[PDB]
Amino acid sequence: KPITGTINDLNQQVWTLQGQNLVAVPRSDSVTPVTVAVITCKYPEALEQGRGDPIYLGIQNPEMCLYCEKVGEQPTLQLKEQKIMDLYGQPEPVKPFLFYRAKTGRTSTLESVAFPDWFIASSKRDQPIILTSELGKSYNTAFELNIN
């Protein structure tokens, strides 16, 4: 079964679904935060080493998984109608859906396995969760998983 919880960034902005995209908002908004599901992939040895544990990352209600797809010259973060359990239950590592989770204390960064120069990031209030190649400024790449 997967690990579940909410995700916030260092500005205390929680992931929430707004239409067809994930956005990051303060908990003051009183919107239901997405319940994120995370599960470690059974096949780490086949990928890059020393970059953190490769995980599948999805949401419950609606049951969707995050993946990385090249849209022209840009890797983009997308949601696909997919049950995280189906991916974990697949016999091979499904690379577009995988992210290296690199832990530093209470927070972790999420690096695309398909696009290693890009990381999952949030930015300003109510802005979408995207893939970024730009670190340490306007983009927030350190996230906390709150299992409750």
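Numbers follow the displayed sequence, beginning with 1.
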field: 27 to 35 set against 48 to 56, stretch whose average Cα temperature factor tops the other in the entry
entry: 27 to 35
message: Please compare 60 to 68 with 97 to 105 and name the stretch with the higher mean C-alpha B-factor in the deposited structure.
response: 60 to 68
message: What third of the chain does residue 148 rank in for C-alpha temperature factor, lowest, middle or highest?
response: highest
task: Report the third (lowest, middle or highest) to which the CA temperature factor of residue 79 belongs, ranking only the modelled residues of the same chain.
output: middle
- line: The third of the chain into which the C-alpha temperature factor of residue 13 falls is the middle
- request: Sorting the chain's modelled residues by C-alpha B-factor, tell me whether residue 21 ends up in the lowest, middle or highest third.
  value: highest
field: Ranked C-alpha temperature factor of residue 122 among modelled chain residues, by third
entry: lowest
